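**Q** The structure follows.
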Amino acid sequence: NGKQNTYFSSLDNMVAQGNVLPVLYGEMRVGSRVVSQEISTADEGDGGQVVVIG
Amino acid sequence: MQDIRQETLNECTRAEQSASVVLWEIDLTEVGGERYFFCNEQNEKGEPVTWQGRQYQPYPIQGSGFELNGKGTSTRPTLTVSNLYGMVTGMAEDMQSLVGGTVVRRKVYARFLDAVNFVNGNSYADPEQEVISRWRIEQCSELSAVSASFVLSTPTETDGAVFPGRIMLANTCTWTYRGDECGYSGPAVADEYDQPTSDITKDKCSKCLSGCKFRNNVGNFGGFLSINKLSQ
Amino acid sequence: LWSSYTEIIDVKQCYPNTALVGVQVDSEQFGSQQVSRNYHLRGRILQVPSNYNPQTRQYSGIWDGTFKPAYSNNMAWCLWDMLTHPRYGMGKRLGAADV
Amino acid sequence: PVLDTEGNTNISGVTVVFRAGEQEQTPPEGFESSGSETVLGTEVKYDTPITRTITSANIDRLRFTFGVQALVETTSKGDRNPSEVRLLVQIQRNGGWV
Ligand code: SF4
């Protein structure tokens, strides 16, 4: 029962130092230059079957 | 058409002209030197040449390979200066503080020079007739105990001239300290090794994230903490 | 298994001139695949002349030589912008009145 | 698209906030840290620990995202039940692992 997993797989990678910050002159459609990426897993599941000590 | 005056056009085409004069200004106010005024020659009275009521000290100086292109420059004109009496050794002693200083040449016909430069004066004196050219000292090519030769480029045509200008770094803010994006206007805090100092003249920003935090201006850190450290 | 890990730097930074976006997409109300974002942005509000209406691409009268902000597509004004923008252009060197 | 030509929500759960380049911008709301994610989606056996060596210049909190490929266990015939696996996060901290 319930949903399966759905776990964000692969991410496109961070931008690398020295890459220059683009200038967009009028209209056009751009892609994605990643600056900050963080995946934050919560807990949709019930009960205590994940115990952390420390 | 150059932005020259009707007088300069008439003198340019003239059958027999007065000797053309080149007046150099090596300005270093932008790099921690100060402005010097030089001129290859001295007037008939054996005194420094006066132009627009300003003195240019006699000094062996010569530039060669100046040109105007539709395409680029493809030459890089060389400015060579006498280094007897170690003027130039003493000028920088590092040739890092000489780079990026500006150089202004002015071409003016002798007929338009001030009356002070001549024994009989001059009825044709005019402080308005000249052809100006700006250059930026780009690298000190060579420096003997006779002379030092520099390499000049057009302001818009140097190694540091690149479009889209800002380079996206991790852990290094590009904004100039206490400038306008940096925005900080508080009391002095630390030096550039992040040693806390309450002195006005000793504080500078490290441009690391830590440096920033000393002025608690992490708000506006012009860096991008967290992008990749490796260039790739 | 060990899927991944995050280095987290906890400052609240504005990126005070960049024009960023960022989405913050939830997982279970979506697919397992990659989230490949693409914005149909418009441009950069660059300093066109006064007397010029950009949306109608029109000129009022004798220019007067002033400058105002607006977005436009005019390549002439894009050029002007790139030569004389202090922050990311040739504004630092060159300067206005030298163009 | 996130929104249709008619204002229909074509996708649910995304919350794109947008910032122009204005000099005084506020941090994008809903974002409170920088962070930087590295996927190395590898498995962990008994006598093969891993080690990663995090060497950033600026990291302050560090999140790990480990998991269970599966937690199925059967006894004799059928009767699947929770299996109870165990995992350690160590940091070198001077001599060896705490
Ligand atoms: S590090 Fe931060 S405070 Fe220092 S100069 Fe850069 S923006 Fe201003």
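In the structure tokens, chains take letters A, B, ... by order of appearance, with residues numbered from 1 within each chain and ligands from 1 in the order shown.
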Taking only C-alpha atoms and all ligand atoms into account, which residues are within 9 Å of ligand 1, as a ChimeraX atom specification?

**A** /B:172-184,204-223

**Q** Write to file, as a PDB file, in the first residue's frame, the residues of the selection just made, with C-alpha atoms.

**A**
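As written to disk, out.pdb reads:
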```pdb
ATOM      1  CA  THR B 172      35.630  35.443  -2.254  1.00  0.00           C
ATOM      2  CA  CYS B 173      33.560  38.634  -2.412  1.00  0.00           C
ATOM      3  CA  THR B 174      34.402  40.795  -5.435  1.00  0.00           C
ATOM      4  CA  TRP B 175      32.552  44.057  -4.247  1.00  0.00           C
ATOM      5  CA  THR B 176      35.025  46.825  -3.308  1.00  0.00           C
ATOM      6  CA  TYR B 177      35.247  47.360   0.545  1.00  0.00           C
ATOM      7  CA  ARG B 178      32.984  50.158   1.953  1.00  0.00           C
ATOM      8  CA  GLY B 179      32.002  50.749  -1.737  1.00  0.00           C
ATOM      9  CA  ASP B 180      28.261  50.680  -2.657  1.00  0.00           C
ATOM     10  CA  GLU B 181      27.341  46.961  -3.048  1.00  0.00           C
ATOM     11  CA  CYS B 182      29.449  46.195   0.039  1.00  0.00           C
ATOM     12  CA  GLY B 183      27.496  49.026   1.589  1.00  0.00           C
ATOM     13  CA  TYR B 184      29.124  48.712   5.075  1.00  0.00           C
ATOM     14  CA  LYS B 204      40.523  46.219   5.371  1.00  0.00           C
ATOM     15  CA  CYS B 205      38.088  43.375   4.456  1.00  0.00           C
ATOM     16  CA  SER B 206      39.562  39.946   3.854  1.00  0.00           C
ATOM     17  CA  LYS B 207      36.935  39.082   1.136  1.00  0.00           C
ATOM     18  CA  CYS B 208      36.595  35.575   2.760  1.00  0.00           C
ATOM     19  CA  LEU B 209      33.207  34.828   4.348  1.00  0.00           C
ATOM     20  CA  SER B 210      34.934  35.205   7.811  1.00  0.00           C
ATOM     21  CA  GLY B 211      36.160  38.727   6.925  1.00  0.00           C
ATOM     22  CA  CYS B 212      32.635  39.646   5.914  1.00  0.00           C
ATOM     23  CA  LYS B 213      31.193  38.386   9.271  1.00  0.00           C
ATOM     24  CA  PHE B 214      33.551  40.734  11.260  1.00  0.00           C
ATOM     25  CA  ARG B 215      31.425  43.556   9.806  1.00  0.00           C
ATOM     26  CA  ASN B 216      28.431  41.154  10.065  1.00  0.00           C
ATOM     27  CA  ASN B 217      27.738  42.141   6.413  1.00  0.00           C
ATOM     28  CA  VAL B 218      27.121  38.508   5.356  1.00  0.00           C
ATOM     29  CA  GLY B 219      23.952  40.076   3.982  1.00  0.00           C
ATOM     30  CA  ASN B 220      25.683  41.389   0.903  1.00  0.00           C
ATOM     31  CA  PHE B 221      28.677  39.105   0.509  1.00  0.00           C
ATOM     32  CA  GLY B 222      29.252  39.432  -3.254  1.00  0.00           C
ATOM     33  CA  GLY B 223      30.463  35.749  -3.302  1.00  0.00           C
TER      34      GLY B 223
END
```

**Q** Run DSSP on the backbone of this structure and report the residues of segment 23-93 of chain D it assigns to strand (DSSP E), as a ChimeraX atom specification.

**A** /D:36-42,61-66

**Q** Could the residues of chain D within 9 Å of chain C, counting only C-alpha atoms, be given as a count of residues only, please?

**A** 48

**Q** Taking 3 positions as the minimum chain separation for residues in the same chain, which residues sit within 6 Å of residue 26 of chain A when counting only C-alpha atoms? Answer as a list in words.

**A**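 The neighbour list is residues 42, 43 and 73 of chain C.
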
**Q** Using the selection just defined, write its residues with N, CA and C atoms as a PDB file, in the first residue's frame.

**A**
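The resulting file, again_24.pdb, is reproduced below:
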```pdb
ATOM      1  N   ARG C  42      12.263  37.612 -19.333  1.00  0.00           N
ATOM      2  CA  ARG C  42      12.469  38.788 -20.242  1.00  0.00           C
ATOM      3  C   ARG C  42      13.824  39.358 -19.829  1.00  0.00           C
ATOM      4  N   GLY C  43      14.178  40.590 -20.139  1.00  0.00           N
ATOM      5  CA  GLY C  43      15.622  40.861 -20.195  1.00  0.00           C
ATOM      6  C   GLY C  43      16.220  41.509 -18.958  1.00  0.00           C
ATOM      7  N   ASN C  73      14.449  45.984 -26.119  1.00  0.00           N
ATOM      8  CA  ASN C  73      15.144  44.978 -26.944  1.00  0.00           C
ATOM      9  C   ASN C  73      16.118  45.678 -27.843  1.00  0.00           C
TER      10      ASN C  73
END
```

**Q** I'd like the neighbourhood of segment 77-85 of chain C as a PyMOL selection string, where a residue qualifies if any of its atoms comes within 8 Å (using only C-alpha atoms), though same-chain residues fewer than 6 positions away should be ignored.

**A** (chain A and resi 25) or (chain B and resi 163) or (chain C and resi 46-48+91-92+94-96+99)

**Q** Please provide as a PyMOL selection string all residues within 8 Å of segment 109-123 of chain B, with the sequence filter that same-chain residues fewer than 2 positions apart are discarded (counting only C-alpha atoms).

**A** chain B and resi 8+11+17-21+43-45+47+49-53+107+125-127+129-130

**Q** Please determine the contact residues of chain A with respect to chain C at a cut-off of 12 Å, counting only C-alpha atoms, and supply them as a VMD selection string.

**A** chain A and resid 2 to 13 20 to 42 44

**Q** Could the residues of chain B within 8 Å of chain A, counting only C-alpha atoms, be given as a list in words, please?

**A**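 For chain B, the answer reads residues 164, 165, 166, 167, 168, 169, 170, 224, 226, 227, 228, 229, 230, 231 and 232 of chain B.
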
**Q** Generate the output file for the selected residues, N, CA and C atoms, as a PDB file, in the first residue's frame.

**A**
```pdb
ATOM      1  N   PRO B 164      30.791  39.692 -20.085  1.00  0.00           N
ATOM      2  CA  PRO B 164      30.104  39.767 -18.801  1.00  0.00           C
ATOM      3  C   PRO B 164      31.142  39.876 -17.671  1.00  0.00           C
ATOM      4  N   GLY B 165      31.228  41.013 -16.964  1.00  0.00           N
ATOM      5  CA  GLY B 165      32.359  41.396 -16.084  1.00  0.00           C
ATOM      6  C   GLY B 165      32.521  40.579 -14.790  1.00  0.00           C
ATOM      7  N   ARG B 166      31.450  40.289 -14.021  1.00  0.00           N
ATOM      8  CA  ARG B 166      31.537  39.703 -12.642  1.00  0.00           C
ATOM      9  C   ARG B 166      31.813  38.197 -12.730  1.00  0.00           C
ATOM     10  N   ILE B 167      32.813  37.665 -12.026  1.00  0.00           N
ATOM     11  CA  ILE B 167      33.181  36.201 -12.011  1.00  0.00           C
ATOM     12  C   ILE B 167      32.651  35.515 -10.734  1.00  0.00           C
ATOM     13  N   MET B 168      31.778  34.527 -10.866  1.00  0.00           N
ATOM     14  CA  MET B 168      31.027  33.947  -9.728  1.00  0.00           C
ATOM     15  C   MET B 168      31.936  33.064  -8.856  1.00  0.00           C
ATOM     16  N   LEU B 169      32.425  33.559  -7.705  1.00  0.00           N
ATOM     17  CA  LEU B 169      33.334  32.789  -6.784  1.00  0.00           C
ATOM     18  C   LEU B 169      32.656  32.196  -5.549  1.00  0.00           C
ATOM     19  N   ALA B 170      33.270  31.174  -4.994  1.00  0.00           N
ATOM     20  CA  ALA B 170      32.905  30.622  -3.678  1.00  0.00           C
ATOM     21  C   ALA B 170      33.842  31.274  -2.694  1.00  0.00           C
ATOM     22  N   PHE B 224      29.450  33.552  -3.701  1.00  0.00           N
ATOM     23  CA  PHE B 224      28.323  32.592  -3.784  1.00  0.00           C
ATOM     24  C   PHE B 224      28.634  31.340  -2.959  1.00  0.00           C
ATOM     25  N   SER B 226      29.276  27.996  -1.398  1.00  0.00           N
ATOM     26  CA  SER B 226      28.588  26.725  -1.741  1.00  0.00           C
ATOM     27  C   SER B 226      28.703  26.357  -3.237  1.00  0.00           C
ATOM     28  N   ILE B 227      28.907  27.269  -4.199  1.00  0.00           N
ATOM     29  CA  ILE B 227      29.160  26.798  -5.601  1.00  0.00           C
ATOM     30  C   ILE B 227      30.412  25.911  -5.586  1.00  0.00           C
ATOM     31  N   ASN B 228      30.788  25.210  -6.661  1.00  0.00           N
ATOM     32  CA  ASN B 228      31.956  24.268  -6.610  1.00  0.00           C
ATOM     33  C   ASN B 228      33.332  24.946  -6.500  1.00  0.00           C
ATOM     34  N   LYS B 229      34.237  24.395  -5.692  1.00  0.00           N
ATOM     35  CA  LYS B 229      35.558  25.014  -5.450  1.00  0.00           C
ATOM     36  C   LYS B 229      36.435  24.762  -6.672  1.00  0.00           C
ATOM     37  N   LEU B 230      36.309  23.590  -7.292  1.00  0.00           N
ATOM     38  CA  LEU B 230      37.150  23.191  -8.449  1.00  0.00           C
ATOM     39  C   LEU B 230      36.628  23.859  -9.723  1.00  0.00           C
ATOM     40  N   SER B 231      37.532  24.397 -10.549  1.00  0.00           N
ATOM     41  CA  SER B 231      37.234  25.236 -11.745  1.00  0.00           C
ATOM     42  C   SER B 231      36.511  24.419 -12.823  1.00  0.00           C
ATOM     43  N   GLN B 232      37.106  23.294 -13.238  1.00  0.00           N
ATOM     44  CA  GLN B 232      36.559  22.341 -14.250  1.00  0.00           C
ATOM     45  C   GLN B 232      35.982  23.130 -15.439  1.00  0.00           C
TER      46      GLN B 232
END
```

**Q** Kindly give the distance, in Å, that separates atom CA of residue 52 of chain C and atom CA of residue 87 of chain C, rounded to a single decimal.

**A** 24.6 Å

**Q** Based on DSSP run over this structure's backbone, return all residues of chain C in alpha helix (DSSP H), as a PyMOL selection string.

**A** chain C and resi 75-83

**Q** Any chance you could export the current selection's N, CA, C and O atoms as a PDB file, in the first residue's frame?

**A**
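Ended up saving to selection-v6.pdb:
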```
ATOM      1  N   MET C  75      19.014  47.059 -29.627  1.00  0.00           N
ATOM      2  CA  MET C  75      20.375  46.505 -29.650  1.00  0.00           C
ATOM      3  C   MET C  75      21.310  47.675 -29.442  1.00  0.00           C
ATOM      4  O   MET C  75      22.285  47.494 -28.726  1.00  0.00           O
ATOM      5  N   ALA C  76      20.992  48.834 -30.018  1.00  0.00           N
ATOM      6  CA  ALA C  76      21.778  50.066 -29.804  1.00  0.00           C
ATOM      7  C   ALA C  76      21.919  50.256 -28.290  1.00  0.00           C
ATOM      8  O   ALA C  76      23.087  50.378 -27.842  1.00  0.00           O
ATOM      9  N   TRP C  77      20.809  50.230 -27.535  1.00  0.00           N
ATOM     10  CA  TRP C  77      20.830  50.573 -26.100  1.00  0.00           C
ATOM     11  C   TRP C  77      21.466  49.459 -25.333  1.00  0.00           C
ATOM     12  O   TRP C  77      22.083  49.813 -24.344  1.00  0.00           O
ATOM     13  N   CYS C  78      21.331  48.204 -25.765  1.00  0.00           N
ATOM     14  CA  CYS C  78      22.067  47.057 -25.163  1.00  0.00           C
ATOM     15  C   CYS C  78      23.570  47.301 -25.218  1.00  0.00           C
ATOM     16  O   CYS C  78      24.260  47.024 -24.224  1.00  0.00           O
ATOM     17  N   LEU C  79      24.039  47.801 -26.363  1.00  0.00           N
ATOM     18  CA  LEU C  79      25.475  48.087 -26.635  1.00  0.00           C
ATOM     19  C   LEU C  79      25.944  49.149 -25.650  1.00  0.00           C
ATOM     20  O   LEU C  79      26.895  48.904 -24.920  1.00  0.00           O
ATOM     21  N   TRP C  80      25.270  50.290 -25.664  1.00  0.00           N
ATOM     22  CA  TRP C  80      25.474  51.375 -24.682  1.00  0.00           C
ATOM     23  C   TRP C  80      25.548  50.759 -23.292  1.00  0.00           C
ATOM     24  O   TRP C  80      26.439  51.081 -22.553  1.00  0.00           O
ATOM     25  N   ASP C  81      24.604  49.933 -22.929  1.00  0.00           N
ATOM     26  CA  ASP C  81      24.597  49.409 -21.565  1.00  0.00           C
ATOM     27  C   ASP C  81      25.902  48.684 -21.402  1.00  0.00           C
ATOM     28  O   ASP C  81      26.530  48.958 -20.422  1.00  0.00           O
ATOM     29  N   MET C  82      26.283  47.777 -22.291  1.00  0.00           N
ATOM     30  CA  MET C  82      27.424  46.846 -22.003  1.00  0.00           C
ATOM     31  C   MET C  82      28.738  47.637 -21.884  1.00  0.00           C
ATOM     32  O   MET C  82      29.502  47.295 -20.994  1.00  0.00           O
ATOM     33  N   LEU C  83      28.963  48.665 -22.722  1.00  0.00           N
ATOM     34  CA  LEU C  83      30.118  49.606 -22.667  1.00  0.00           C
ATOM     35  C   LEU C  83      30.143  50.376 -21.347  1.00  0.00           C
ATOM     36  O   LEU C  83      31.239  50.609 -20.860  1.00  0.00           O
TER      37      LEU C  83
END
```

**Q** Taking into account only C-alpha atoms, which residue in the set B:79, B:95, B:162, B:88 is nearest to chain C?

**A**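 Under the stated criterion, the closest residue is B:162.
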
**Q** Got a sec: who's within 7 Å of residue 105 of chain B, counting only C-alpha atoms, leaving out chain neighbours fewer than 4 positions off, as an MDAnalysis selection string?

**A** chainID B and resid 22:25 132:134

**Q** Grab the residues selected above and save them as a tab-separated table (two decimals), in the first residue's frame with N, CA and C atoms.

**A**
```
chain	number	residue	atom	x	y	z
B	22	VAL	N	54.87	66.60	-29.02
B	22	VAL	CA	54.22	65.49	-28.26
B	22	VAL	C	54.42	65.74	-26.77
B	23	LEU	N	53.34	65.82	-25.99
B	23	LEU	CA	53.37	66.12	-24.53
B	23	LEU	C	52.71	64.97	-23.76
B	24	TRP	N	53.50	64.24	-22.97
B	24	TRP	CA	53.09	63.00	-22.27
B	24	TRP	C	52.69	63.34	-20.84
B	25	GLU	N	51.68	62.66	-20.33
B	25	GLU	CA	51.30	62.70	-18.90
B	25	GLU	C	51.17	61.25	-18.43
B	132	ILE	N	44.26	64.39	-28.62
B	132	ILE	CA	44.51	63.62	-27.37
B	132	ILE	C	44.39	62.13	-27.67
B	133	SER	N	45.14	61.29	-26.96
B	133	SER	CA	45.05	59.80	-27.01
B	133	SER	C	45.36	59.23	-25.62
B	134	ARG	N	44.43	58.47	-25.03
B	134	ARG	CA	44.64	57.74	-23.75
B	134	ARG	C	45.10	56.31	-24.05
```
